[PDB]
């Protein structure tokens, strides 16, 4: 039923491929990467430095056109531009924009001319519609040709911000995210003309960089629009990131009260999306965590009973790619 093809077998592309491969509501029809060879795709999928080897399927058949995942056959495209890929000729309703270069509303629209019914954008986009599963996936409508699943950081922030606002209200908030390094960085000092500090050696530097993660938590949560901002800090970890959010509350609460409220919501409307822990966890403890956001109770601290600092964890790779397929199923139905 839900036939899928992925555009760009990157970090997110391969990992959301793993997610859809071990589910029964979802299927994998095609993959497009002009840079990866069909024999190379098997190696890239099988071996992972973060999430480990794959326990099910894996094999390539045809000279250079079809791979065998188990006995499900997946189609491979090495096509540079998006409209030139015949997304229908292998059945692909939902295309994952996992490439990172075609982010914008019009730029993902390129897939519909390949014969694709809908496309979901990995990254946030300047104009394409933005949804964070569990906080506003419900304002999706089926006229929508093209969609965006926002960012890892948005997906961790917005569920956590929403319960705080929805039971105590946020007046103003400032966020930092200390974030693992990604494919856009460099091993050693090199050119990254659009972010100068992004060119510096990723694994041996604490890199200040920017993410819009916060104001977007209003572009999808319009109640909090223009109420938050932040920055980032890229630091030498392969995967897993944490959000440090500092907000003042209109309605006074105690740290135990906000803790108990987050536990409440963790087992309610937000179960499996926003989690709760009171353990002495660290970075590694969330590799493979398929939740958008988990709440580090012990980490955070309160100054007033209206001014508090909240800590929450997210696997920027795994949990986010779980969320993209969670979104695709919601639009299937709705």
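Numbering follows the first chain given and starts at 1.
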Point to revise | Between the two ranges 137-145 and 205-213, the one averaging a larger CA B factor in the entry | key: 137-145
Revision key, fill the gap. Comparing 95-103 with 180-188, the higher average Cα temperature factor in the PDB entry belongs to 95-103
Practice item. For the C-alpha B-factor as written in the entry, point me to the maximum among 113, 260, 234, 197. Key: 113
Check your understanding: Per the entry, which of 250, 239, 264, 244 tops the list for Cα B factor?
Key -> 250
Revision key, fill the gap. Here the Cα B-factor of residue 35, set against its chain, lands in the third termed middle
Exercise for review: Can you work out whether the C-alpha temperature factor of residue 275 puts it in the lowest, middle or highest third of the chain?
Suggested key: lowest
Exercise for review: Report the third (lowest, middle or highest) to which the CA temperature factor of residue 64 belongs, ranking only the modelled residues of the same chain.
Suggested key: highest
Practice item. Would you mind ranking residue 269 by its C-alpha B-factor against the rest of the chain and naming the third, lowest, middle or highest? Key: middle
Review point. Going by what the PDB entry lists, where does residue 29 fall on CA B-factor within its chain: lowest, middle or highest third?
Key: highest
